Every structure is written in C-alpha cells, then in structure tokens.
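Derivation of every value follows stated rules applied to the coordinates shown; laboratory data play no part. Note: ideal-geometry Cβ built from the backbone for every residue, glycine included; neighbour counts use all protein chains shown.
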Amino acid sequence: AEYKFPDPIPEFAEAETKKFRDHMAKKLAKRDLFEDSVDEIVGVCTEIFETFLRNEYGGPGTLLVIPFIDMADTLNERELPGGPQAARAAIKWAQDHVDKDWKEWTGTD
Amino acid sequence: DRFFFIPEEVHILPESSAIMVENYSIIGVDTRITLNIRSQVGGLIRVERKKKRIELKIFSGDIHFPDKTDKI
C-alpha cells in the first residue's frame, strides 16, 4: 500500500505564502543585483511557491525542489537578473520554515 | 597526512520504541526523538527498521536539489 500524504491545506498555504513573500522582499532588496526588478521577481517568486503549497505540499517529506528549479528557469526565461540567487534564497527559507510551520499548524510531531 | 571525521548522530532503538520523528524529516537541535531521547544535532532524519531493532540516523549538512544538466 503506497503511503497517502495528507492533502494540502489552502489556509496554511495562504499563511506561509505571505511569510515567504515578506522574507523575499526584505532579502532581495538588500542585494544590488536585482536593482529595479525586486518587485517583479518577488511577485514571480510568490506565485510559483503559492501554487506548489496549494496543490502538492502535504507536510514533511513533500517539500520538493522542482518549484525552486522552476524559480530559476522562469526568471531566466523572462530575462530577469538574479535568477539562481533568488531561487537559492527561496529554497533556503523553505528548508528552515516550511516543514516546521506545518507541524505547528497541524500539531503533528 | 590527513584524516577525516564526518559527524553523524545514530540511535539504535528497540523495535517497540515509539518514534516521534518521520522518515526524511528535517529536525532542529533539541528535537525529541523518543520519550526520553532528544536530538543533539540537527539535520535529516533517516529511520531504518530491522528485524528486532530500529536504526535512526541524523545527518548534518546542506540539502541541495539536482538540475536538469546536473551530471551528479
């Protein structure tokens, strides 16, 4: 019997997405590499991360690297600066907060 | 002329022990592993269940994700 992961929680996704967007705005503004495209990059960052949490994330063990791979590609496809750097910042925040916050939200150890 | 020491935290536990950490989960420092055991270091959690014992390992380090061109 293949294990069935818990279904994504839209309410948790909305809360995490706001925290993710605020961190990205503060982090990416401190770097001169992004210049005037900070808002556009963060907006693209927010959209992909929110979609992954709404549809695929089901707790610990489901934090995939594919949305972060899509982060570097989408910025590069749009000719936006700091593609890999923005994806690296996003994946670092997710590794430190997403799994822990899901446990607090659901009360699971 | 050089010797190496990778740090890994390993817990050998009886099969009947109650494990409060999921496989492939990321835990921080002082994360409770069993009712009387707390993690000393943080990292990835790997749970291997054997015939009569449960082997739990905590791997420190940075988690990286492969690229399409990543020839690892």
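Points to keep in mind about this one:
- Test result for B:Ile54, more than 14 Å from chain A (Cβ to nearest Cβ), surrounded by 13 or more Cβ atoms within 10 Å (Cβ to Cβ) and more than 25 Å from A:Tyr57 (Cβ to Cβ): yes
- Top-ranked residue of region A:74-100 - restricted to ones that are surrounded by fewer than 15 Cβ atoms within 10 Å (Cβ to Cβ) and among the acidic types (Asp, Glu), ranked as farthest from A:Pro6 (Cα to Cα): A:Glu79
- Filter result for B:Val21 (at the interface with chain A (Cβ under 10 Å from one of its Cβ atoms), of a type in the set (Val, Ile, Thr) and either in contact (Cβ under 8 Å) with a residue 24 or more places away in the chain or touching a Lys or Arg at 6+ places or on another chain (Cβ under 8 Å) (or both)): yes
- Of note, A:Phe49 does not satisfy the criterion of being touching a residue at least 40 places away in the same chain (Cβ under 8 Å), more than 15 Å from the chain's Cα centre (by Cα) and either within 14 Å of chain B (Cβ to nearest Cβ) or buried (at least 18 other Cβ atoms within 10 Å of the Cβ) (or both).
- Test set (1) in contact with an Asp or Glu (Cβ under 9 Å, 6 or more places away or on another chain); (2) farther than 30 Å from B:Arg38 by Cα; (3) within 11 Å of another protein chain (Cβ to nearest Cβ); (4) crowded, with 19+ Cβ neighbours inside 10 Å - A:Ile69 fails condition number: (4)
- Failed criterion for A:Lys18 (all others in (1) more than 18 Å from B:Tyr24 (Cβ to Cβ); (2) free of Cβ contacts under 8 Å to residues at least 24 places away in the same chain; (3) not in a helix (DSSP H, G or I) hold): (3)
- Region A:72-87, residues that are more than 10 Å from chain B (Cβ to nearest Cβ) and either aromatic (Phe, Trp, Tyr) or within 11 Å of the chain's Cα centre (by Cα) (or both): A:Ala86
- Scanning region B:24-50 for residues that are free of Cβ contacts under 8 Å to residues at least 12 places away in the same chain and aliphatic (A, V, I, L, M) gives no hits.
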